[PDB]
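*Asks:* Just to be clear, this is only the beginning of the complex, oriented as in the whole thing:
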Amino acid sequence: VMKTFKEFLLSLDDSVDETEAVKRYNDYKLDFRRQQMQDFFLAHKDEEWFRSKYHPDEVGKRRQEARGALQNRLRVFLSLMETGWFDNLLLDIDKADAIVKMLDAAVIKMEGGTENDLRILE
């Protein structure tokens, strides 16, 4: 728990200035949030989610994983273009069934799906 504006001023009851009241309180705020930040780092140090978000090695992995998986989705998109799944496909509710068939055809190709695997959608 953090101290309010009144509680900090109760400590220094001697030379109570007008301008220097906000000086020492904001210095307390920065040094309180310094320790609270430091206590969080030591608490959630070894956890994977925190490691993954900030650690040099682990952040290097997730950029490499995501960029690899993102390239798989691009090669799927470019395969759908040249094969011809976006030919007579408009983004309207009238062609809602055609969009669902396309998205399933995309997800098939994402999972290493062959041209034979696409035949079930017919």
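*Replies:* In hand now; what should we look at? Residues are numbered from 1 along each chain as shown, chains lettered A, B, ... in the order given.
*Asks:* ok, how many other residues are close to the residue lying closest to residue A:91 once chain neighbours are set aside?
*Replies:* In this structure, residue A:91 finds its nearest non-sequential neighbour in residue A:99, 7.2 Å apart by C-beta to C-beta, 6 or more residues apart in numbering. For every residue, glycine as well, the C-beta is placed using N, CA and C. Neighbours of residue A:99 under the rule other C-beta atoms under 10 Å: 14.
*Asks:* Please tell me how far residue A:99 sits from residue A:93.
*Replies:* Distance from residue A:99 to residue A:93, counting by C-beta to C-beta, to the nearest Å: 9 Å.
*Asks:* Residue A:101 now?
*Replies:* Using C-beta to C-beta, residue A:101 is found at 15 Å from residue A:93.
*Asks:* so which strand or helix has the residue nearest to residue A:91?
*Replies:* helix A:96-110 (DSSP states H and E).
*Asks:* helices and strands around the one helix or strand residue A:71 maps to, which ones?
*Replies:* Using DSSP H and E, residue A:71 falls within helix A:56-83. Secondary-structure packing of helix A:56-83 (3 or more C-beta pairs under 8 Å, 6 or more residues apart in numbering; DSSP states H and E): helix A:48-54, helix A:96-110.
*Asks:* Ok, which of these comes nearest residue A:4?
*Replies:* Checking those against residue A:4 by C-beta to C-beta gives helix A:48-54 as the closest, at 30.1 Å.
*Asks:* Measure how buried residue A:98 is and give me the count.
*Replies:* 14.
*Asks:* That one and residue A:73: what is the separation?
*Replies:* Taking C-beta to C-beta, one finds residue A:98 at 20 Å from residue A:73.
*Asks:* Can you tell me the SS state at the residue in chain A sticking out farthest from the centre?
*Replies:* Residue farthest from the centre of chain A, counting by C-alpha atoms, centre = their mean, is residue A:14 at 49.5 Å. Recorded secondary structure, residue A:14: coil (DSSP: H, G, I helix; E, B strand; the rest coil).
*Asks:* returning to what we had before: compare residue A:101 and residue A:93 (neighbour count), which wins?
*Replies:* residue A:101 (16 against 6).
*Asks:* Now do the contacts for the more buried one.
*Replies:* When contacts are counted by C-beta atoms under 8 Å, 6 or more residues apart in numbering, residue A:101 touches residue A:121.
*Asks:* Pull up the gap between it and residue A:56, please.
*Replies:* From residue A:101 over to residue A:56 (counting by C-beta to C-beta), the distance is 44 Å.
*Asks:* do the same with residue A:85
*Replies:* Distance from residue A:85 to residue A:56, counting by C-beta to C-beta: 41 Å.
*Asks:* The two: which has the busier surroundings?
*Replies:* Of the pair residue A:85 and residue A:56, residue A:85 is the one with more neighbours under other C-beta under 10 Å, namely 19 against 6.
*Asks:* burial count for the closest residue to the more buried one other than its chain neighbours?
*Replies:* Leaving aside its sequence neighbours, residue A:85 sits nearest to residue A:102 (C-beta to C-beta, 6+ apart; 5.2 Å). Around residue A:102 there are 16 other residues, counting by other C-beta under 10 Å.
*Asks:* include chain B as well:
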Amino acid sequence: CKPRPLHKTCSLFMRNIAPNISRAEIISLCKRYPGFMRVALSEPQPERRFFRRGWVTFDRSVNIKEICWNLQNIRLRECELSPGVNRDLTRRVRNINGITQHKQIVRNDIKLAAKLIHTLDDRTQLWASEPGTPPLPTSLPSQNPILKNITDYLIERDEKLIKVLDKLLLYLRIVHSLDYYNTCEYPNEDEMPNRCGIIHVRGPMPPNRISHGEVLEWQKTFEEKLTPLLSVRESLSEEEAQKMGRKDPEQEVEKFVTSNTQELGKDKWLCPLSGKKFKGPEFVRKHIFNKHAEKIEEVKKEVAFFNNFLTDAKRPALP
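*Replies:* Let me put chain B in with the others:
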């Protein structure tokens, strides 16, 4: 050969996954159930003690009800998973206001979609020319074939103009997981059971005449929602970093060397790393940098690990 239903997958969902539980532990648990594919984990939520929500997905040809009941009441590090059978996506193709098909908004949406792809392709380095070899300054990235000759259509309801727009949005949605018409991203889609789940779409033609005030109102509302999706990771100021107490790389390395150069007696020095005794202060200094060259750089990583946390503006913290 036998054609498979790769688009179809039944899956579990997990409510309580403590942050100390690794991804590898959940994969290791769910691997023994045959027809296993992959585990997804949500961004942890600070209000609920940084616990995570999970999604274990399987091949469709498997009794998901049996797997759920079998997995029921198994606790990784004394933390109950409480799995349930995840439902199928029903309302796949949602819609939004029909005004979007109007020709003035279509032109505006091509401008914005092209701007989104330009940003997202550059950020991810998606079209890298020969990614294995190193990047020279004279090297350029490969062009996106959708972005070729776009402003020709902008300058000088139309079907051919919409076909250009749809290829931009279909790219955004299939590749980067950006649902354009809803103004939202599904960032962790490739791990989740439904790889490319929900898409939003232009509604039916409006009944009444489309007012020009309502056209400008939509375009104002649309761009205000899109700009949050182009968010830069906000780094704090270098004064604020030094005020909050950013650690220096080589200072901690110097603190590491001095701490591992202890004096036993007169002309007798020892390091805890190896345990070889030397007869000088800078004898142990030259020992550590040569023999334990991997150890001193591991400290530099732990410094950057603390600094990169500090650098972030919206840090994870207690509410």
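*Asks:* and the neighbour count of residue A:102, now that chain B is part of it?
*Replies:* By the criterion of other C-beta atoms under 10 Å in any protein chain shown, residue A:102 has 20 neighbours.
*Asks:* The one 4 residues further on too?
*Replies:* The number of residues packed around residue A:106, counting by other C-beta under 10 Å, is 23.
*Asks:* got the contact list for the residue nearest to the spatial centre of chain A?
*Replies:* Closest residue to the average C-alpha location of chain A: residue A:53 at 8.8 Å, with C-alpha atoms, centre = their mean. Residues in contact with residue A:53 (C-beta atoms under 8 Å, 6 or more residues apart in numbering or on different chains) are A:59, B:316.
*Asks:* Output the contacting helices and strands for the one helix or strand residue A:22 maps to.
*Replies:* Taking DSSP H and E as the definition, residue A:22 sits inside helix A:19-43. Helix A:19-43 is packed against helix A:5-9, helix B:238-244, helix B:293-311, with contacts defined by 3 or more C-beta pairs under 8 Å, 6 or more residues apart in numbering or on different chains; DSSP states H and E.
*Asks:* hey, which of these is tucked in deepest?
*Replies:* Per residue and on average, the most neighbours among the helices and strands packed on helix A:19-43 fall to helix B:293-311, with a mean of 16 (mean count of other C-beta atoms under 10 Å in any protein chain shown).
*Asks:* Check what contacts it and list those residues.
*Replies:* A:37, A:41, A:54-57, A:59, B:235-236, B:241, B:244-249, B:252-253, B:256-257, B:273, B:288-289, B:315.
*Asks:* From those residues, list the buried ones, please.
*Replies:* Among the contacts of helix B:293-311, the ones that count as buried by 16 or more other C-beta atoms under 10 Å in any protein chain shown are A:37, A:41, A:54-55, A:59, B:244, B:246, B:252-253, B:256-257, B:288.
*Asks:* so residue B:13, which of the three states?
*Replies:* Following three-state DSSP, residue B:13 is assigned to strand.
*Asks:* So what's the residue count around it?
*Replies:* Using other C-beta under 10 Å: residue B:13 sits among 18 other residues.
*Asks:* Quickly list what the closest residue to it other than its chain neighbours is bridged to.
*Replies:* Distance criterion C-beta to C-beta, 6 or more residues apart in numbering or on different chains; nearest residue to residue B:13, sequence neighbours excluded, is residue B:86 at 4.1 Å. Beta-bridge partners for residue B:86, by DSSP bridges, are residue B:11.
*Asks:* can you pull the buried residues of the helix holding residue A:22?
*Replies:* Buried, per 16+ other C-beta under 10 Å, within helix A:19-43: A:25, A:37, A:40-41.
*Asks:* for those, which one is nearest residue B:74?
*Replies:* The closest of these to residue B:74 turns out to be residue A:40 (C-beta to C-beta; 30.0 Å).
*Asks:* what about the closest residue to residue A:28 other than its chain neighbours, distance to chain B?
*Replies:* Excluding its sequence neighbours, the residue lying closest to residue A:28 (C-beta to C-beta, 6+ apart) is residue A:8, at 5.7 Å. Here the criterion is C-beta to the nearest C-beta, to the nearest Å. By it, residue A:8 lies 19 Å from chain B.
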